[PDB]
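Analysis of the macromolecular model
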Amino acid sequence: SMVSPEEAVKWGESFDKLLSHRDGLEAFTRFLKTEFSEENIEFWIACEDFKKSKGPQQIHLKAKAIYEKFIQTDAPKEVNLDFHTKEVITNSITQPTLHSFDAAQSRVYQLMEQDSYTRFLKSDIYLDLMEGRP
């Protein structure tokens, strides 16, 4: 999508700016698809959708869904969330708060950074946005 090199270099400092920019989100998800790591980004995105809820009982229903389907070490998805964190969650899932998975959000978010975002910055994709030199 329409992005200028300036916007691109700004994506190289502000991860949220990359995400919030429709063009950036597009580029990042398409790249992230090659390694199927989109699971992680959409994981805590789903946690924000959970955080968007306002139904107390629904909080438990949603949290239980996210629990068995994502939070678990096995799960049909199996999220790359930190062990110690998901351990505390598997226990704290009895009475989840609106931001119960705020820890999970923080973990996975900065995990994609140090893992996927680094290679993203040195990928031919981002270097193409730079048009500098191979």
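Residues numbered from 1 in each chain as written, not as in the entry; some residues may be left out. Heavy atoms only, no water.

1. Considering the environment of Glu 7
Heads up, the rule is: Helix numbers and strand numbers start at the N terminus; a helix is a DSSP run of H or I with at least 4 residues, a strand a run of E with at least 2. Throughout, exposure labels follow a simple rule: accessible area from a 1.4 Å probe, protein chains only, divided by the maximum for the residue type, with under 20% read as buried, over 50% as exposed, and the rest as partly exposed. Throughout, a residue-residue contact means that at least one pair of heavy atoms, one from each residue, lies within 4.5 Å.
Along the chain, the position of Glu 7 falls in helix α1 (residues 5–11). In this structure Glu 7 comes out as buried when scored by relative accessible area, which is 15%. Taking the C-alpha atoms as reference points, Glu 7 and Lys 64, 57 residues apart in sequence, are found 39 Å from one another. Not counting residues up to four positions away in its chain, the partners in contact with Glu 7 are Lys 17 and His 21.

2. A word on the environment of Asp 102
As for its placement among the helices and strands, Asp 102 is situated in helix α7 (residues 102–122). By relative accessible area, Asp 102 is classed as partly exposed at 44%. The spacing of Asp 102 and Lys 51 is 51 residues in sequence and 8.8 Å in space, taken between C-alpha atoms.

3. Observations regarding the side chain of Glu 7
Using the following cut-off: Within 3.5 Å is the distance limit for a polar contact, defined as a pair of N or O atoms, with the added protein rule that one can donate a hydrogen and the other accept it, and that residues adjacent in sequence qualify only through two side-chain atoms.
At 2.8 Å, the side chain of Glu 7 forms a polar contact with the side chain of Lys 17. Separated by 3.3 Å, the side chains of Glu 7 and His 21 make a polar contact.

4. Observations regarding the pattern of salt bridges
The criterion, for reference: What makes a salt bridge here is a side-chain nitrogen of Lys or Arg within 4 Å of a carboxyl oxygen of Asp or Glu, nothing more.
Summed over the entire model, instances satisfying the criterion amount to eight salt bridges. Across the pair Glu 39 and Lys 77 runs a salt bridge, and its minimum N-O distance is 2.6 Å. A residue pair is termed long-range when its members are at least 10 positions apart, and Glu 39 in helix α4 (residues 38–51) and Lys 77 in the loop between α5 (56–71) and α6 (83–92) qualify at 38 residues. Classification of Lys 77 as partly exposed rests on a relative accessible area of 31%.

5. Examining the nonpolar core
Filter applied, for reference: Grouping buried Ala, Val, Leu, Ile, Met, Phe, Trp, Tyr and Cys residues that are joined through side-chain atoms within 4.5 Å yields what is termed a nonpolar core. In this document the domain limits rely on a domain assignment from an automatic tool or a database.
In this structure, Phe 43, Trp 44, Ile 71 and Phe 101 are the most contacted members of the largest nonpolar core, which totals 31 residues. Contributing elements (two or more residues each) for this core: α1, α2 (15–20), α3 (22–33), α4, α5, α7 and α8 (124–130). With six residues, the top contributor of residues to this core is α5. Looking at which domains feed residues into this core, each of domain 1 (6–35 + 116–134) and domain 2 (36–115) gives three or more. Residues within four places of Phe 101 in sequence aside, it is in contact with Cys 47, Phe 50, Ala 63, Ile 66, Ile 71, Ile 89 and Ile 93.

6. Here we look at the packing of aromatic side chains
Defined as follows: Under the pairing criterion, centres of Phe, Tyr and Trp rings, with the six-membered ring standing for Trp, must be within 6.5 Å; the plane angle then separates stacked pairs below 30 degrees from edge-to-face pairs above 60, leaving the rest tilted.
With the rule as written, the count across this model stands at nine aromatic pairs. Measuring from ring centre to ring centre gives 6.0 Å for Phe 43 and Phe 70, while their planes differ by 40 degrees; the resulting arrangement is tilted. Of this pair, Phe 43 sits in helix α4 while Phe 70 sits in helix α5, placing them 27 residues apart in sequence. Among the residues examined, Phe 70 registers a relative accessible area of 14% and is labelled buried. Aromatic rings pair up to connect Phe 15, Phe 28, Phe 31, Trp 44, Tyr 109, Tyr 117, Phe 120 and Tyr 126 into one cluster.

7. Notes on α7
Structural remark: α-helix, 3.6 residues per turn; residues separated by three or four positions point the same way. The cut-off we apply is this: Expected helix span is computed as 1.5 Å times (number of residues minus one). Bend, in this description, refers to the angle at a residue between axes fitted to the seven residues ending there and the seven starting there.
The terminal C-alpha atoms of α7, which comprises 21 residues, lie 29 Å apart, in line with the 30 Å expected from a rise of 1.5 Å per residue. The principal kink in α7, of about 40 degrees, is found at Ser 116. Of all the residues in α7, the buried ones are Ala 104, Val 108, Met 112, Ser 116, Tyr 117 and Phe 120. For α7, the secondary structure elements touched by its buried residues are α1, α2, α3, α4, α6 and α8.

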